[PDB]
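A short worksheet on the structure shown next.
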Amino acid sequence: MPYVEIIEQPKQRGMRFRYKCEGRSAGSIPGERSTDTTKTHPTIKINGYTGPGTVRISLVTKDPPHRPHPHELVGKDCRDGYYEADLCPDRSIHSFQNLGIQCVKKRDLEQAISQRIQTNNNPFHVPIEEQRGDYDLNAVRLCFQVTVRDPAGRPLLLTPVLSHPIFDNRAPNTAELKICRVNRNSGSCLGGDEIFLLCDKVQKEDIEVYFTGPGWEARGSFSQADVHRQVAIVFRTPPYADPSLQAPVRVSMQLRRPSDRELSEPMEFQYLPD
Amino acid sequence: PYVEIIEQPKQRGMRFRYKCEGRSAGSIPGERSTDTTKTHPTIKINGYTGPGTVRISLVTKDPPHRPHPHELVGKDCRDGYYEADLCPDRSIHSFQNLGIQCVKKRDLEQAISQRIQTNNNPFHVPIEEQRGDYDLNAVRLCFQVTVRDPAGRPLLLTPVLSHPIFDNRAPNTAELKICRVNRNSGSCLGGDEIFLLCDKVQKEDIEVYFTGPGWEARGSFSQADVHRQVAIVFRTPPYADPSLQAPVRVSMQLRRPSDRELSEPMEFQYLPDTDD
DNA sequence: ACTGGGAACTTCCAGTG
DNA sequence: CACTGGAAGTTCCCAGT
């Protein structure tokens, strides 16, 4: 097959989701390796054609089978909850740079679904029986629809492909994990130290404090009633896998999430005697 | 005959409950309502003791005292008012299942229209001085009482206003509590670092206050210190003392400058720096 | 069953490129 | 002044009794 390939996947974290009341554009979407300096945008590649036709982008649930989604895509060449333009005959390398996510309100859900049905907005034209399930309105996936030409001048339509799942930063249970301030950055190795920490949004339930050394796992101890307003954690430092020590040695302290396992920035922590 | 108040409503530590919540709102306390000696808000009327009807409505904090786009919900209440029937026996009366329920910025107009309709305006302020804006955290209580004159004809009395009532999602006007403190003994010289965790506070409206027998001390932090309005990182100030000898006791709290309010008071000790 | 309270959803907005 | 987080307003509900 002349086919469809995804190269710049999208930045799963680091983005928030905006409603009908928050500017009809919401900037654009970054690529997984975008970082302000070398700031890139999501792209695809086509192998076995370079010429005219059509490109479409729709929105599908994370977990399969992948239904259309009750959320909308807004900006350039965008309409009816997707993006439609005309493919560029120049190359077979493609970038989408004015791209938005609009989230729809949980009562407007059924309306949205109806609209999608009306459109035929469904890559994997699934039955309207299973299109009942339950919905994920944190997480969205990207699906690609393409029409080209055989060496006659018909239209020809290709295998539709999936992206890394894309997440909401205002959203609590899938927010990007950051550590903002701290109360110290070195106590004794013996463990007992109690530490005051200020962070981006975190939920008290699913959340630990995680330490890694040259092979070594420790967890530092606190109850869901030490978590003050979801942005503050108070804990006790687990002793070292070597109580005796003597020198100073330095490790890593992070925030994990037992369900998905996503890790914060790492901040440097040092261990002492007496 | 005139109407006087003996217990007030509790100025804060109460929350305002939308129509989508509507559990009542529990009830409203008096000002000196303990958890054990629970009271309610009570009024006494001096010069006549006999059959009666009494009405309470909602008027803006702001004078002129307008009608307020809010309601009172509970027993004997409807369209944002309470009307009942007095015990003619006593001149001592308290009201017990009482609620404040709040309305959604669009549905302001609707509420105001309803007030206009039901002649909720016990200071009959014209609609020219009903314009602009209102106050949404904060409402006042107005009492209108009807009696019998020396004949038996019906008579109405000059109606009175009470210490105002505030809502604790309203950042500039809730209670001011503390919750945890990593450290509560530190240097009197200054240059020692303390972490304090609290209910909601604005980041341009807040200080930190230290008091002895007549004395004010302030500890200084930039604004981008107050993290998400629950967390403060700030230095413990230089004390009234070049270098101590004994250790000395202060009271330490949270003060907000707009309205100069105070929080719980908690004990902090300074210990005589024989090294740095 | 009730409250107290705590987060989860939703809307605005000010500050800084 | 177009994004960007923070914060404020609204709804939901889970934990205490």
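Simple scheme: letters A, B, ... for chains in structure tokens order, numbers from 1 for residues in each chain, numbers from 1 for ligands in the order shown.
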
| request: Please identify all polymer residues within 12 Å of residue C:10, counting only C-alpha atoms (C1' of nucleotides), omitting same-chain residues fewer than 4 positions from it, and present them as an NGL selection string. | output: (:A and (17-22 or 103-106 or 170-171)) or (:D and (8-11))

Give me a file of those residues, with C-alpha atoms (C1' of nucleotides), as a compact mmCIF listing (two decimals), in the first residue's frame.
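So the final result, stored in again-v3.txt, reads:
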# COMPACT_ATOMS: atom_id res chain seq x y z
CA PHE A 17 -8.73 22.14 27.03
CA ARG A 18 -10.93 25.19 26.45
CA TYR A 19 -14.70 25.64 26.07
CA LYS A 20 -16.96 27.64 23.83
CA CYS A 21 -16.49 30.62 26.16
CA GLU A 22 -12.67 30.73 26.07
CA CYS A 103 -14.70 20.31 25.23
CA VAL A 104 -18.38 19.96 25.40
CA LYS A 105 -20.49 19.99 28.44
CA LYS A 106 -21.59 16.71 29.89
CA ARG A 170 -6.70 21.65 33.87
CA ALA A 171 -7.95 18.06 34.30
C1' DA D 8 -13.24 32.68 40.82
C1' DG D 9 -17.85 30.92 40.15
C1' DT D 10 -20.95 26.67 39.85
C1' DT D 11 -22.06 21.64 40.48

Go through chain A and flag each residue having an atom no more than 10 Å from chain B; for those, report the closest pair of atoms plus their distance in Å to one decimal, using only C-alpha atoms, ordered by chain and rising number, as a tab-separated table.
residue	atom	partner	partner_atom	distance
A:180	CA	B:227	CA	8.8
A:181	CA	B:227	CA	8.9
A:182	CA	B:195	CA	9.2
A:183	CA	B:195	CA	7.2
A:184	CA	B:193	CA	9.7
A:194	CA	B:182	CA	8.3
A:195	CA	B:182	CA	8.2
A:196	CA	B:195	CA	7.3
A:197	CA	B:195	CA	9.3
A:198	CA	B:227	CA	7.1
A:199	CA	B:227	CA	8.3
A:200	CA	B:228	CA	8.8
A:201	CA	B:228	CA	9.5
A:226	CA	B:180	CA	9.4
A:228	CA	B:197	CA	7.4
A:229	CA	B:230	CA	7.4
A:230	CA	B:230	CA	9.9
A:231	CA	B:228	CA	7.5
A:232	CA	B:231	CA	7.9
A:234	CA	B:182	CA	9.1

Selected residues written out, C-alpha atoms, as an mmCIF file, in the first residue's frame:
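Dumped to part.cif:
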data_model
loop_
_atom_site.group_PDB
_atom_site.id
_atom_site.type_symbol
_atom_site.label_atom_id
_atom_site.label_comp_id
_atom_site.auth_asym_id
_atom_site.auth_seq_id
_atom_site.Cartn_x
_atom_site.Cartn_y
_atom_site.Cartn_z
ATOM 1 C CA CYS A 180 7.367 24.004 42.595
ATOM 2 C CA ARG A 181 8.957 24.730 45.933
ATOM 3 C CA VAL A 182 10.315 22.760 48.979
ATOM 4 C CA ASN A 183 11.222 23.326 52.630
ATOM 5 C CA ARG A 184 14.745 21.820 52.521
ATOM 6 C CA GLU A 194 9.398 15.664 57.431
ATOM 7 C CA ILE A 195 9.122 17.675 54.214
ATOM 8 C CA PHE A 196 6.912 20.474 52.931
ATOM 9 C CA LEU A 197 6.234 20.533 49.247
ATOM 10 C CA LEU A 198 4.290 22.841 46.886
ATOM 11 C CA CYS A 199 3.082 21.560 43.532
ATOM 12 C CA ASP A 200 0.854 21.732 40.475
ATOM 13 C CA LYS A 201 -2.530 20.040 40.875
ATOM 14 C CA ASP A 226 -1.696 15.123 55.182
ATOM 15 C CA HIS A 228 -3.813 20.115 52.000
ATOM 16 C CA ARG A 229 -5.980 21.315 49.154
ATOM 17 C CA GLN A 230 -4.386 19.037 46.502
ATOM 18 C CA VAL A 231 -1.403 21.380 46.197
ATOM 19 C CA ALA A 232 0.705 20.485 49.300
ATOM 20 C CA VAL A 234 3.777 16.503 54.105
#

| request: For chain C, work out the contacting residues on chain B at 9 Å, counting only C-alpha atoms (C1' of nucleotides), and write them as a PyMOL selection string. | output: chain B and resi 23+25-26

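Of note, atom CA of residue A:100 and atom CA of residue A:143 are spaced 15.0 Å apart.
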
| query | By how many Å are atom CA of residue A:245 and atom CA of residue A:187 apart? | reply | 12.8 Å
